[PDB]
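# Fold and contact review
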Number of protein chains: 2
Amino acid sequence: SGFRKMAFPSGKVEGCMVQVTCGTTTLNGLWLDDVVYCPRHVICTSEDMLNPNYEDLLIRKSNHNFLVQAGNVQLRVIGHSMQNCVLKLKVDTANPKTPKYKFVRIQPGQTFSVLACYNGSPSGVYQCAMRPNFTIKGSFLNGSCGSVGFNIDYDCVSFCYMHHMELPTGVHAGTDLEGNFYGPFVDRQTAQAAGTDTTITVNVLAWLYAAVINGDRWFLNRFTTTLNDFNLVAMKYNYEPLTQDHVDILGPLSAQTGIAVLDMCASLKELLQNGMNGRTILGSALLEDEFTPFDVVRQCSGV
Amino acid sequence: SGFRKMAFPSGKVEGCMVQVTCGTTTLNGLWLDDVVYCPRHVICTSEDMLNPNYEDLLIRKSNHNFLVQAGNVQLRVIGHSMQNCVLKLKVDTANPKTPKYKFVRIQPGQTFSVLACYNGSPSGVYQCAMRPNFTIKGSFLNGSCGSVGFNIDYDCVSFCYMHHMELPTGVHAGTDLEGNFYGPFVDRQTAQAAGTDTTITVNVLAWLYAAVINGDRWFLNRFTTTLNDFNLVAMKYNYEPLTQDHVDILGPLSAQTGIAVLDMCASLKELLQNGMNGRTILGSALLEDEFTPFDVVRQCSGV
Ligand SMILES: *[C@](O)(C(=O)NCc1ccccc1)[C@H](C[C@@H]1CCCNC1=O)NC(=O)[C@H](CC1CCCCC1)NC(=O)c1cc2ccccc2o1
Ligand SMILES: *[C@](O)(C(=O)NCc1ccccc1)[C@H](C[C@@H]1CCCNC1=O)NC(=O)[C@H](CC1CCCCC1)NC(=O)c1cc2ccccc2o1
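Deposited coordinates in this entry are attributed by the record to X-ray crystallography, at a stated resolution of 1.5900 Å.

Another point: the interface of chain B and chain A. Contact with chain B, which involves 42 residues of that partner, is made by 42 residues of chain A. Both faces combined, the contact of chain B with chain A buries some 2900 Å², and carbon together with sulfur accounts for 51% of it. Broken down residue by residue, the surface that chain B buries against chain A is led by B:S1, B:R4 and B:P9, which jointly contribute 25%. Run the count over chain B and chain A and you get two salt bridges. The partner of B:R4 in a salt bridge is A:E290, with the nearest N and O atoms 2.7 Å apart.

Before going further, it helps to examine the domain arrangement of chain A. All names here are of chain A. Its domain assignment divides chain A into domain 1 (1–14 + 100–197), domain 2 (15–99) and domain 3 (198–301). Put simply, the middle of domain 1 and the middle of domain 3, counted by C-alpha atoms, are 25 Å apart. Taken together, the contact pairs 18 residues of domain 1 with 20 residues of domain 3. Both faces combined, the contact of domain 1 with domain 3 buries some 1600 Å², and carbon together with sulfur accounts for 52% of it. Note that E288 is salt-bridged to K5, the shortest N-O span being 2.9 Å. Counting across the interface, domain 1 meets domain 3 through ten residue pairs in polar contact.

Turning our eyes to something else, we now look at the site of ligand 1. All names here are of chain A. Inspection of the region around ligand 1 gives 18 residues, with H41, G143, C145, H163 and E166 positioned closest. The side chain of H163 places a nitrogen or oxygen atom 2.6 Å from an oxygen atom of ligand 1. Calculation on ligand 1 without its partners gives an accessible area of 850 Å², and the protein chains cover 66% of this total. At four residues, strand β12 (residues 156–166) tops the list of elements feeding residues into the shell around ligand 1. Residues lining the shell around ligand 1 come from more than one domain, with at least three contributed by each of domain 1 (1–14 + 100–197) and domain 2 (15–99).

All names here are of chain A. Every buried residue of helix α4 (residues 227–236) is listed here: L227, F230, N231, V233 and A234. Projection of α4 onto a plane perpendicular to its axis shows the buried side chains occupying an angular sector of 160°, all on one side. Away from its buried face by more than 90 degrees, α4 exposes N228, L232, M235 and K236. In this fold, the buried residues of α4 make contact with α3 (201–213), α5 (244–249) and α7 (261–274). Positive backbone phi, at 60°, marks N238, one or two positions downstream of α4.

Before going further, it helps to spend a moment on the sheet that holds strand β5 (residues 73–75) of chain A. All names here are of chain A. Read across the sheet, seven strands follow the order β5-β4-β1-β2-β3-β7-β6 without closing on themselves; strand pairing throughout is antiparallel. Looking at strand neighbours, the two that pair on one side only are β5 and β6 (77–83), the edges of this open sheet. Each adjacent strand pair in this sheet contributes to an overall mean axis angle of 30°, direction not counted. Sheet analysis places strand β1 (residues 17–22) next to strand β2 (residues 25–32), joined by six bridges and oriented antiparallel.

Moving on, we come to unusual backbone geometry. Phi is mostly negative for residues that are not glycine, and the peptide bonds are mostly trans. Its identity as a non-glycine residue notwithstanding, A:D33 has a phi of 55°, on the positive side. Within the fold, A:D33 resides in the loop between β2 and β3 (35–39).

What follows concerns the relation of the copies chain B and chain A. When chain B is fitted onto chain A, the two copies agree to an RMSD of 0.0 Å after a turn of 180° and an axial shift of 0.0 Å. Here the copies are linked by what is in effect a two-fold axis. Rotation axis and chain B: the residue whose C-alpha lies nearest the axis is B:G11, separated from it by 1.8 Å.

Moving on, we come to the sheet that holds strand β1 (residues 17–22) of chain B. All names here are of chain B. Strand order in the open sheet formed by seven strands is β5-β4-β1-β2-β3-β7-β6, with antiparallel pairing between adjacent strands. A single partner strand is all that each edge strand has here, and the edge strands are β5 (73–75) and β6 (77–83). In this sheet, adjacent strand axes meet at a mean angle of 30° when their direction is disregarded. Summarising the sheet, β6 and strand β7 (residues 86–91) pair through six bridges and their orientation is antiparallel. Bridged to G79 within β7 is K90.

Residue and element names in this part refer to chain B. In the vicinity of ligand 2, 18 residues are found, and the nearest of them are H41, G143, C145, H163 and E166. Within the contact set of ligand 2, an oxygen atom lies 3.1 Å away from a backbone nitrogen or oxygen of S144. The contact in question runs from an oxygen atom of ligand 2 to an N or O atom on the side chain of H163, over 2.6 Å. In isolation ligand 2 offers 860 Å² of accessible surface; the protein chains occlude 66% of this area. With four residues, strand β12 (residues 156–166) is the largest single contributor of residues to the shell around ligand 2. In terms of residue class, the shell around ligand 2 is made up of six nonpolar, nine polar and three charged.

Okay, the pairing of strand β13 (residues 172–175) of chain A next. Residue and element names in this part refer to chain A. Every second residue of β13 is oriented toward a common face, with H172 and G174 on one face and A173 and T175 on the other, all of them buried. Bridging between β12 and β13 involves four bridges; their strand directions are antiparallel. Each bridged residue has a counterpart across the sheet, and for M165 the counterpart in β13 is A173. Linkage of β12 to β13, two consecutive antiparallel strands, is achieved through a turn of five residues, within which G170 is found at a positive phi near 85°.

Rules of the game
- Residues numbered from 1 in each chain as written, not as in the entry; some residues may be left out.
- Chains lettered and ligands numbered in written order.
- Heavy atoms only, no water.
- Contact = heavy atoms within 4.5 Å.
- Buried area = accessible area lost by both parts, 1.4 Å probe.
- Salt bridge = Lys/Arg side-chain N within 4 Å of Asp/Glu carboxyl O.
- Domains from an automatic or database assignment.
- Polar contact = N/O pair within 3.5 Å; in protein donor to acceptor, adjacent residues only side chain to side chain.
- Near = heavy atom within 4 Å.
- Areas by Shrake-Rupley, 256 points an atom, 1.4 Å probe, with all protein chains shown as cover.
- Helix = DSSP H or I, 4+ residues; strand = E, 2+ residues; numbered from the N terminus.
- Buried < 20%, exposed > 50% of the residue type's maximum accessible area, 1.4 Å probe, protein only.
- Arc of directions from axis to C-beta.
- Pairing = 2+ DSSP bridges.
- Axes fitted to C-alpha atoms, helices over the stretch in contact; angles between N-to-C directions.
- Least-squares fit on C-alpha atoms.
- Nonpolar A, V, L, I, M, F, W, Y, C, P; charged D, E, K, R; others polar.

Right under this line is the structure:
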């Protein structure tokens, strides 16, 4: 028993982190087979961030303008190209530590582990969710660009995020590993800001099931609700609408606890309306939305 | 910016996890150089857990009663011994992936990363604190025994915990890597229970400094306190007494934020007395005590 915000073991990703330098700009890159992936703004100077034309900047570079360092070993760059907002540097050596991997573009509400890295060196690992507003509430300092987010499934690393920037509210924005931003953001300095966010309802319900699995039951009630009356109150509290697909996703947790999904929705309605009255759930005094139904199942009854 | 419950990258420890089997009992072991470390209760049957005499049980075993599996490879056991509550199995092959490492016995209030593992296979990584009552609030299922806790410091892994059991409140107990339990617990089935716990005051103060570094300031006030009046209210709220050594430890964070330690104590006093009144600090509606001063410094201004 017990329930923690657990990240995936990070070793498979650690073996892929490298340092990329162009001019005076250094950031992290991801070295898979004979390719190194990094944010294209490594080719930017201080003068170019306002409105850069990356096609222009890149055509003015050659392979030798890119210094890739993997541990102590320098990797020679033998080709370079741009794909959306990521630069791909072909190197003359395939990473011997390449895991089985794929690139995935995730949906909002999905979770993933971030390996924070500086100068190609991993610093820490933590779990987070893609917010409905396409930002992530990370922990990133100067030099963290190029750090990646990922899930692991039976020894296959699915990479889903590459870090690019910090927004004025202190939340973070970035791309999939094919260089497409999550949300409306662009890699230039503009007035862009996070839109209004919402709470990930299906995840809150998953976490309430985790609490029951772990013996917190105080928030249950004898009531039920219809999906539409529930979605009425969710709209009121800035929660995402719950779909029938969400209900189907929550089926296994419902079956394991004997608590119908719409009954758990009646508990969530009561918690939204009444607060928690000085009590906690799984050691939190707030409703937690960073655990998917799959996260709960993995952690509570699996290995 | 941003502040997350961040664990150490786990790769150096992943390369050391193995599976140990004795009879019908299987758990995790830690393979460093030519030694595998695991809980001695791997030699226990279902009939022996009440009051086992481990010297007896062990003298009745030979090297061939222990099956050690590292990935797909079987490791041959060539010696065995007991050290407190850990078994040491000398194997004929030194782990090629052994990191620079040491064994440390930590003090209550110190934090560390746990690599949860099942059948020698890492499942997840998370951060936690040794509680004042010498238990940890982990996330552990059947098969997790032998999973370890650790810190990393410049490529040296300091191992400080090995998992052994779950107490009736759902919290966890275990040993250092030399097999000495944290707290009064023993490796047998008895009425043992966690004692009353307290909140780790110096850590709460560290985390309030993290909040200031990150722009949460709403809880500050113009007041100061003396150490003794503060410790009076801390005693009242089941907080650990704050020492001058704690104050000295918090010095660098004080210096970086310009907030004297005793002034931050006056803020904590006000928060204890008044609650948070529907507000949050670093995304929490409770006062967080699982971050040491060193954790804050590492995460907020370092790599
Ligand atoms: C990222 O580029 C990075 O880590 N670069 C390496 C580095 C090393 C030393 C100093 C700076 C950068 C960086 C990650 C940011 C940094 C700030 C703290 N947390 C983060 O996640 N990303 C940026 O600095 C981006 C750079 C833009 C350049 C043009 C292409 C798009 C990205 N900028 C910002 O994050 C940012 C925040 C902010 C606030 C006010 C004015 C400008 C501004 O930029
Ligand atoms: C740990 O031994 C383990 O993982 N063993 C491998 C394994 C594989 C399959 C089934 C069981 C064990 C295990 C870790 C526990 C398990 C329960 C959930 N969370 C955990 O952390 N540890 C135990 O099972 C210990 C065993 C004792 C045997 C004698 C030496 C001291 C340890 N027991 C308990 O944790 C425990 C909890 C509990 C509650 C009621 C009655 C007995 C009881 O034992």
